[PDB]
Amino acid sequence: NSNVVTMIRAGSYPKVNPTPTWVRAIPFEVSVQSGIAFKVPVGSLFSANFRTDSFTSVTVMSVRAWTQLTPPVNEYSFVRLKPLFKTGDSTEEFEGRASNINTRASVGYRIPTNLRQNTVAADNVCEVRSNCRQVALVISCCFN
Amino acid sequence: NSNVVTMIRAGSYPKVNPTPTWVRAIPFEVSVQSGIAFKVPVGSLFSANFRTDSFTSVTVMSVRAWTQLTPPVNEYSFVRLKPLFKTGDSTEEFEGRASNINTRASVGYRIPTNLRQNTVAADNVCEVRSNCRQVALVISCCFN
Amino acid sequence: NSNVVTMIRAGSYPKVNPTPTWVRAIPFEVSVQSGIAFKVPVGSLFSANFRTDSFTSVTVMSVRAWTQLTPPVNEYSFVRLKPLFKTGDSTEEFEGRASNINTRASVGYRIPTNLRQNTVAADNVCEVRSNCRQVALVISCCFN
Amino acid sequence: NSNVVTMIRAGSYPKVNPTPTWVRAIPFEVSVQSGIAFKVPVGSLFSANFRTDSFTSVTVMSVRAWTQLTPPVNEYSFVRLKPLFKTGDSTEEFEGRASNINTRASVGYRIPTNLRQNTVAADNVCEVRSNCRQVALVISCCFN
Amino acid sequence: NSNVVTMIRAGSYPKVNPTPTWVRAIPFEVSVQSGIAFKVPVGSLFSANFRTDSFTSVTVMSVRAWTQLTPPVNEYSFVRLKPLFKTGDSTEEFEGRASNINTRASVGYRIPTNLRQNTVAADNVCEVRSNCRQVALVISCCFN
Amino acid sequence: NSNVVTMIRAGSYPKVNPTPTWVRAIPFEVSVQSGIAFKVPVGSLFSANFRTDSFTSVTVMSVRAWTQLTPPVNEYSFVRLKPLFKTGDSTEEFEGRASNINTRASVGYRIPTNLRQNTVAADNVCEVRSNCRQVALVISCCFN
Amino acid sequence: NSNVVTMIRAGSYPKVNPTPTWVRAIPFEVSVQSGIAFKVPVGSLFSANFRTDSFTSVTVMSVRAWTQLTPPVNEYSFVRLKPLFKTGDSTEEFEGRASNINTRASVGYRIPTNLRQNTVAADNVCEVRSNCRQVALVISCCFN
RNA sequence: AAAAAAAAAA
RNA sequence: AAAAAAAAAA
RNA sequence: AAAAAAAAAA
RNA sequence: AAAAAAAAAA
RNA sequence: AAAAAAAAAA
RNA sequence: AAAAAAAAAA
RNA sequence: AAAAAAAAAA
RNA sequence: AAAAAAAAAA
RNA sequence: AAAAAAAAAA
RNA sequence: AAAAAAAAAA
RNA sequence: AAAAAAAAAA
RNA sequence: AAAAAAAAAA
RNA sequence: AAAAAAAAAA
RNA sequence: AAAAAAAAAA
Ligand SMILES: [Mg+2]
Ligand SMILES: [Mg+2]
């Protein structure tokens, strides 16, 4: 290969964009209480911690969740996800349960193309329920 | 295609990274005086304006430059680029000139693999000379 | 096969080198405190314990890390690695988490060719964060 | 073939560079004392005697060395090279010896792509040891 | 690829040359007056500005010229080149004209093998005529 | 190729070994008196000078020897090797002689698989005889 | 190839001609007034400036014309050609116009074989009309 | 893709 | 169409 | 690549 | 039939 | 196109 | 085996 | 790769 | 090009 | 025969 | 017919 | 990849 | 191996 | 099965 | 015969 700087025969000034889109998998945790659904805000996704504080919208493609602390004594971990949408909330309760008490429960869902519109900080993604006091989510999305 | 949300049969918690790398083409302008070289600082590349303020290092791959204002009366535009490196500056003066007085001059250079190390804000990329008072650069790079 | 000593018809004196290079995977442990990053010194790699005390430089190729003690009560193990470089530090935080509370978390990263320069004892390799009080690293490197 | 001047149908003004790079094999000699290593300075490569006084940086690719005067009485010539690098010196001692007392000893080494960064006059290339009072080097390098 | 220094099994001392030849495209400008031919001296090619001040001879292969300033009001740029040779000057007047008043005129000629002998500083390359006050030349040549 | 750090999806903790074996060609010299056999100790192979002071055992595979100083006036160099073994010494006297007085003599022998057991510092490898006052050995061996 | 003079085994005296024909493209300019056709004389083609002053006849094959100075304010350039012939003039008015105000207009016409007879200095080639005050012609022709 | 100069390689 | 970064997939 | 003009060649 | 110069062409 | 003499070459 | 110089040949 | 001398083998 | 040791990989 | 750099080319 | 040791060979 | 229920399609 | 985002390329 | 380092080989 | 959703399967 070349071991020195070489000239590029540049042409006309190109189309440019200083502030592009970004396809991402974002990991974060939420605290959950027993018997109570937690609504996960979209605003969690915009943070210097993810390099995404310059965005104000996001298109969510899929949501996966894992229990993140141990379950109560005698119990296996479970997590349930209910999709929320601005045009009308769902009533599905997708659920995963652990089969070893020492292991995480997990589940996810995919958002179909027809429901991939933008959401902003004040919108919610899903409701989470669990017997564990924290849940770890990884959300696949398109910042724009 | 699917018109409804569907379940994903998630497995174990994956490897994650909240703060990934990003391959980018960054456009910005510098002011240049007649007969005087301008050293372009790497710090120009870290800005909320580019969504890159969370990074502190960058690996530069190539540099292209265009004149960005009109040249002096009677003259065609020119731009020259001299590569700078922390391990030893170059003395190449890659140059482009316009062939129509109403058109931009342009030139660029590629940095070979052996010289693609990180640079930080206090480092310089290149020296620019021109007969035009501003130069527009587009720098291809890897933020990390 | 031959069962006795046999003659070799040696020729001219060959090129020799009493002190060659060595490609290695080196295992060692570091102690980590909660909430605090630990900077792993390159100096840890030069030791009679690894037969490497005669080297003064090393080129690191990849870094893998495991948690080495159990996590706090109710938690799963995690480990994070942030690459460090003399020419500019990274801000990636590569992370692994366990999915069974009794199991190690692990993660690693590879160093690309353009960043494989020598490091010496006073340099650092990476920052480690964990909720476990010890982390076991295995570093693939070329002593020279 | 053509025996007269002929027209060239020139187009637009091309990209140009008055001060290009140059790939070279540079021959020079150093004086060496018995039992003492000599550090070879990079500055030796920049000289009007090689047409290279306009350069301030160089990328070294390989180093070859020969003994250049006769050895001490009763001895065969030897030469040893230890590579030096700004990011961390090596401890290899690549060695050639003569097999006829009237013949030069020689040896060399190649620098891998990952270590081919620029050096400047104040940097050193390698350490040389020999039982002969002069060593002849040929250095393959890229002036830039 | 190799990431460390490796040995080269050098043989006999090679043929060497500290002061090699160099094939180059040299860009420079000359000032031209209206109605008057400017003889371009070969001495313009030997300069620290081109890294060629150590040469005293050169073999010219081809000459290209562009107008470098705007033409007089109402006119299109033109440039003419007449080849000069120590053994007998030519009377060809190779000519380019612009077809857009804002654009450079250009033309060139090639010297055939039978006329490619050395020239020294006091020799002349060609005569230039133009309606523009500066002409930019690019000369392809073999310094020796 | 990749120009940035990338994640490695590490699994379970691997099998490791901080203190591996090493296959080597070790060069060293012994001083020899006329008419007198010199017994070469295995202990010569364990030294910081070869990076092998952390080993206590070695399996020798082959032995090569060259005369290292000039022979007596009027003579050609010779070297003889007699293999020695803890289970029973040999009486072979493998011998090389020079055919030019200015040139080294050389010879070697290979140890068959059935005799490749470990040796320690107090063991001897071979006896050397020569008309030259130093002999250079290169021993191919497996440190363990 | 041969590097010395060699013999030619010449035969009988050949047919010869001291004054041959010559196929040429001749460039010259004419001044034109607004609203008035200029008749281009064939005599313009016979000149020491073209090396053609020894001819008294020419066979014209084709005529091309370009405007040679800028057009009036607000206008695009145009040029029209009307072919003239000793046996009877044409009334074709072949016309080109510029599509950029800064650019030359051009047009040309070809003379068919049946009309390619000789012309002399007193004959006319074509009529030119333009809104520009000079027109540049290039005439392809056979001097005889 | 082919050619010249410098460098390197089997 | 191939290469690299992030993403997702069989 | 083909054609005209001048040269040269087998 | 191939080369070189000047022209012209797809 | 082959042979001899001088040169050069892979 | 190919090329240049000189010779000779079909 | 093949031949001789000593040994072993299917 | 094949075999050993260490490293890495699908 | 392939790779780098400087030049030239279809 | 293949292998080890010693010698010789292309 | 095949099968059952609901929906749709050529 | 295929698809999407940013990058670079023939 | 492929690559790097050290070793050995035809 | 192919596509979506719920179930079952190798
Ligand atoms: Mg000799
Ligand atoms: Mg225009």
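Below, read A as the first sequence line, B as the second, and so on, with proteins coming before strands; counting in each chain starts at 1. For the numbers below, each heavy atom of this structure counts, side chains included, while hydrogens, waters and symmetry mates do not.
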Quiz item: So what does B/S62 touch, heavy atoms closer than 4.0 Å: a base, only the sugar-phosphate, or nothing?
Solution: nothing
Quiz item: Over how many whole Å does the gap from G/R9 atom CZ to J/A10 atom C1' extend?
Solution: 16 Å
Quiz prompt | Sugar-phosphate, base or nothing in reach of D/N1, heavy atoms under 4.0 Å | solution = sugar-phosphate
Self-check item: For B/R116, salt bridge (charged side-chain N to carboxylate O under 4.0 Å, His left out) partners two or more places apart
Solution: none
Exercise. Looking at every strand, decide which applies to A/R116 at a 4.0 Å heavy-atom threshold: base, sugar-phosphate, or nothing.
Key: nothing
Quiz prompt | Qualifying residues under salt bridge (charged side-chain N to carboxylate O under 4.0 Å, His left out), relative to D/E93, sequence neighbours excluded | solution = none
Practice problem: Name the nucleic acid region contacted by D/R51, choosing base, sugar-phosphate or nothing; use a 4.0 angstrom heavy-atom cut-off, strictly under. | Solution: nothing
Quiz item: Just checking A/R110: base, sugar-phosphate only, or nothing, at a heavy-atom cut-off of under 4.0 Å?
Solution: nothing
Quiz prompt | Ring geometry between F/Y109 and F/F94 (parallel below 30°, tilted from 30 to 60°, perpendicular above 60°) | solution = parallel
